[PDB]
Amino acid sequence: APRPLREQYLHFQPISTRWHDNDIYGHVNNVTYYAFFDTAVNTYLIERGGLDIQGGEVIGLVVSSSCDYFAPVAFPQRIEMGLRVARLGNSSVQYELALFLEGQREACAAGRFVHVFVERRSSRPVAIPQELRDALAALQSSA
Amino acid sequence: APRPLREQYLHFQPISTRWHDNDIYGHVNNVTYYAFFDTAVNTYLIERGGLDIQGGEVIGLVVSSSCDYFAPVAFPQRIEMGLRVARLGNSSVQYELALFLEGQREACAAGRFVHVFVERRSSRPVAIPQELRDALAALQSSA
Amino acid sequence: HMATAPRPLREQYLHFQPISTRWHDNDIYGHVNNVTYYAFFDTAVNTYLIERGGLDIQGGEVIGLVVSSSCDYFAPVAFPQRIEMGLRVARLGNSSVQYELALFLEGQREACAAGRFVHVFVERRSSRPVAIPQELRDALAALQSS
Amino acid sequence: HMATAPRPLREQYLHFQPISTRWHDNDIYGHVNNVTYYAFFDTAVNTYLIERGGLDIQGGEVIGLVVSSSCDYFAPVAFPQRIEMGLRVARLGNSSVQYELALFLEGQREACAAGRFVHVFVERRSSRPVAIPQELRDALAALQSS
Ligand SMILES: [Cl-]
Ligand SMILES: [Cl-]
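Chains as they are written, first to last, in the deposited numbering: chain C, 4 to 146; chain C', 4 to 146; chain A, 0 to 145; chain A', 0 to 145. A prime marks a further copy of an entry chain.
Below, the structure written as structure tokens:
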């Protein structure tokens, strides 16, 4: 089975839920979890890896992603992303994430996604800059 | 001129920003401010006024809204909604809100919106339930 | 029922644009969320600016920034209903413009929601207001109610 | 370039659906954000379930819940480009179904992104898995690659 626990992740981010996260069936819509993934990863890249989204030469593009869902959460509930790095490559990295509900031990959902690092003007993949590598390595998972 | 200050509002909510709040021009998109409005109002209605979004008999529908924007914010910046109630009617209420950037005194943006309270099944407007009125009145603005 | 402002009519608008509705346009109460309407406003205007004004959002030097907006809601709509935005230009200044929009059921004549927004155009890198470029102004001028 | 998985072809899909792009589909890097693709998946499937399966999202007793999904991205697209979702059903169980989708430029044949999701159908009030209702199953069956 699962399920994922908080101590299996390296870094955490609270994310506040918004009215419109819920859909017609009353819980956070599956699409929104990936917004959560994307937000946790890039928040980390900016505060700890020197990512410059406004004018930086090198950017992370999502080449792929996925998620399994174990139990719903709903606005206005309080949640938290665990983030870890499964592998750091030469020009890409695979993240693993998990959504946690405040007060619950087991993850509501767990997924992965993959960045490739490219030159912003051309979109040629490029070796990950060093400052970013240092930050990404600091997230290395245990398994 | 403006601009709005924090002490002119009754209740506050931090809202975390998400990767995708920024648009192609790099700042939080104007549309998202109203998601912020909607989130601050309904969060308050649920924790302090007994709003039951899942199964409640009475709901708030937005009959109108607006916003003026004074200066941009951007993900991953940290922000905060001030909320106040300009007037409580028999079956509607006008809220005033303002977006604040952490560390800035003056509001980035300020807007209003109007709820009408209806019966969920029929959508007949109905007098605001008492528990909700108590909470809404506790937000009354000074001017 | 909802906003008590008088409902605008299809004829009061110049230019129309279908927008396809999306699963999550509906919120928990089951109709399109009020915020999404503003996304419809942005999309209609900008689609118009790119196909008729020559707006270059990727590398253009002059951009349009939103300084205010508002909307009144008259009757709900829901995914997967088919909808259509009405657009016109109410006022055309040297560096700013006010748009008026209304959402229709593509099968219908009464507006379901209507509002307004203001663009100010600015040099992209600095954000100093510049005058509206002629190509865009020519496209805006074709939407001024005669 | 991006995902290195082999790109799916337009012919491998059964059913198509235009989706209009929106201003804020583009993120700060200027192309449609990866998350939005999944919104396109949800919309295509559900549009299909309502018009061909009789899904009643407002008051129906059986609903479809998403238990997993994934997507590979091959080439970016951008508002205001015109796009089209390809849909087919890969597997049809008693209470679950796996969909496969791909996004195309409506003018084009190579997929720009492709992925998958799984619906489990459940009694709406409880969320106990129920079998898929016959009307929906008949619509799902028409998408199984022959
Ligand atoms: Cl805009
Ligand atoms: Cl769904």
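Built from N, CA and C at the ideal position, the CB exists for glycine as well.
Check your understanding: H23(A) versus chain C: which residues are under 9 angstroms apart at the beta carbon?
Key -> Under the 9 angstroms cutoff, chain C gives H23, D26, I27, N32, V34 and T35.
Practice item. Tell me the start and end of each unbroken beta strand (DSSP E) in the region 36–78 of chain C' that is at least 3 residues and wholly inside, in chain order. Key: Listed in chain order, the beta strand (DSSP E) elements of length 3 or more contained wholly in the region 36–78 of chain C' are 61–72.
Review point. Looking at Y72(A') and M1(A'), is the spacing between their C-beta atoms short of 9 angstroms?
Key: Yes, Cβ-Cβ distance for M1(A') and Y72(A') is below 9 angstroms.
Point to revise | Rounded separation between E83(A') and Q143(A') - CA only | key: Cα-Cα distance, rounded: 19 angstroms.
Exercise for review: Below 8 angstroms on the Cβ atoms is my guess for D41(C) versus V34(A'); work out the distance and round it to an integer in Å.
Suggested key: Correct: roughly 6 angstroms between the Cβ atoms.
Point to revise | Beta-carbon proximity list for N93(C), same chain, < 7 angstroms, skipping 5 on both sides | key: Cβ within range, chain order: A130.
Point to revise | Any non-hydrogen atom of ligand 2 closer than 8 angstroms to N93(C') Cβ | key: Taken from the Cβ of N93(C'), every heavy atom of ligand 2 lies 8 angstroms or farther away.
Review point. For the alpha helix (DSSP H) that contains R115(A'), what are its first and last residues?
Key: Judged by DSSP secondary structure, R115(A') falls outside any alpha helix (DSSP H) and instead within the beta strand (DSSP E) spanning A112 to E122.
Exercise for review: Alpha carbon to alpha carbon, how far is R136(A) from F78(C)? Give it in angstroms, no decimals.
Suggested key: Each residue's alpha carbon lies about 43 angstroms from the other.
Review point. Thinking C-alpha only, which one of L54(C'), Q80(C'), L102(C') and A74(C') is nearest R87(C')?
Key: Nearest to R87(C') by alpha-carbon distance, out of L54(C'), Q80(C'), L102(C') and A74(C'), is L102(C').
Check your understanding: Rounded to the nearest angstrom, how far is the Cβ of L104(A') from that of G114(A'), given a contact under 8 angstroms?
Key -> Actually they are not in contact, since the Cβ atoms of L104(A') and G114(A') sit about 17 angstroms apart, beyond 8 angstroms.
Exercise for review: Would you give the residue range spanned by the alpha helix (DSSP H) that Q97(C') belongs to?
Suggested key: No alpha helix (DSSP H) holds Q97(C'); the beta strand (DSSP E) holding it covers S95 to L104.
**Study point:** Burial state of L139(C') (16 or more Cβ within 10 Å)
**Key:** Counting Cβ neighbours within 10 Å, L139(C') comes out buried, since at least 16 surround it.
Check your understanding: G85(A') to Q11(A'), Cα distance in whole Å?
Key -> When rounded, the distance between both Cα atoms is 9 angstroms.
Review point. Name the DSSP beta bridge partners of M84(C), please?
Key: Under DSSP, the beta-bridge partners assigned to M84(C) are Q16(C) and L102(C).
Point to revise | Residues bridged to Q143(A') [DSSP beta-bridge criterion] | key: Under DSSP, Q143(A') takes part in a beta bridge, and its partners are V88(A').
**Study point:** Identity of the residue in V66(A'), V44(A') and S67(A') nearest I56(A') by Cα
**Key:** Of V66(A'), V44(A') and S67(A'), the residue nearest in Cα terms is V44(A').
Point to revise | Proximal residues to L91(C) (C-beta, below 8 angstroms), its chain only, five neighbours per side dropped | key: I131, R136, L139, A140 and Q143.
**Study point:** Collapsed DSSP secondary structure at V129(C) in the structure displayed
**Key:** Three-state DSSP puts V129(C) in coil, outside helix and strand.
Check your understanding: Grouping DSSP H, G and I as helix and E and B as strand, with all else coil, what is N25(C')?
Key -> In the three-state DSSP reduction, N25(C') falls in the strand class (E or B).
Check your understanding: For ligand 2, any of its heavy atoms closer than 8 angstroms to the Cβ of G63(A')?
Key -> At least one heavy atom of ligand 2 falls within 8 angstroms of the beta-carbon of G63(A').
Check your understanding: Is the Cβ-Cβ distance between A38(C) and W22(C') less than 9 angstroms?
Key -> Contact flag set, yes.
Practice item. Give every residue of the same chain whose Cβ lies closer than 6 angstroms to the Cβ of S69(A), excluding the five residues on either side of it in the sequence, and list them in chain order. Key: Short of 6 angstroms from the beta carbon of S69(A), and not among the five residues preceding or following it, lie these beta carbons of its own chain, in chain order: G114 and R115.
Exercise for review: Indicate, with yes or no, if ligand 2 has a heavy atom lying under 8 angstroms from the CB of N45(A').
Suggested key: Yes.
**Study point:** Pairwise C-alpha distance: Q133(C') and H30(A')
**Key:** C-alpha of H30(A') to C-alpha of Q133(C'): approximately 48 angstroms in a straight line.
Review point. For the region 50–69 of chain C', which residues have a CB atom closer than 7 angstroms to at least one CB atom of chain A, in sequence order?
Key: The region 50–69 of chain C' vs chain A, Cβ under 7 angstroms: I56, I62, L64, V65, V66, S67, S68 and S69.
Review point. Using CA coordinates, which residue listed in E122(C), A146(C), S126(C) and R127(C) is at the minimum distance from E60(C)?
Key: The alpha carbon of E60(C) has as its nearest neighbour, out of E122(C), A146(C), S126(C) and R127(C), the alpha carbon of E122(C).
Exercise for review: Check the Cβ of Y72(C') against every Cβ in chain A and list those closer than 7 angstroms, keeping chain order.
Suggested key: Neighbourhood of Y72(C') in chain A, by CB distance below 7 angstroms: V65, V66 and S67, in chain order.
Check your understanding: In chain C, which residues lie with their C-beta within 9 angstroms of the C-beta of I18(C')?
Key -> Those within 9 angstroms of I18(C') in chain C are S19 and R21.
Practice item. Could you check if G63(C') is buried or exposed, using at least 16 other CB atoms within 10 Å of its CB as the buried criterion? Key: Buried, by the Cβ-count rule.
Review point. If we count the other Cβ atoms within 10 Å of its Cβ and call it buried at 16 or more, is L54(C') buried or exposed?
Key: With 16 or more other Cβ atoms within 10 Å, it is buried.
**Study point:** Proximity below 9 angstroms, CB of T20(A) to CB of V76(A)
**Key:** Contact: yes.
Check your understanding: Leaving out the 5 sequence neighbours to the left and right, which residues in its chain are closer than 8 angstroms to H118(C) when beta-carbon positions are compared?
Key -> Closer than 8 angstroms at Cβ, skipping near neighbours: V44, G63, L64, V65, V66, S95, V96 and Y98.
Exercise for review: On the DSSP bridge assignment, give the partners of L8(C') in chain order.
Suggested key: Note: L8(C') sits in a beta bridge opposite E109(C').
Practice item. Using beta-carbon positions only, say whether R124(C) and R9(C) come within less than 9 angstroms of one another. Key: No, Cβ-Cβ distance for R124(C) and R9(C) is not below 9 angstroms.
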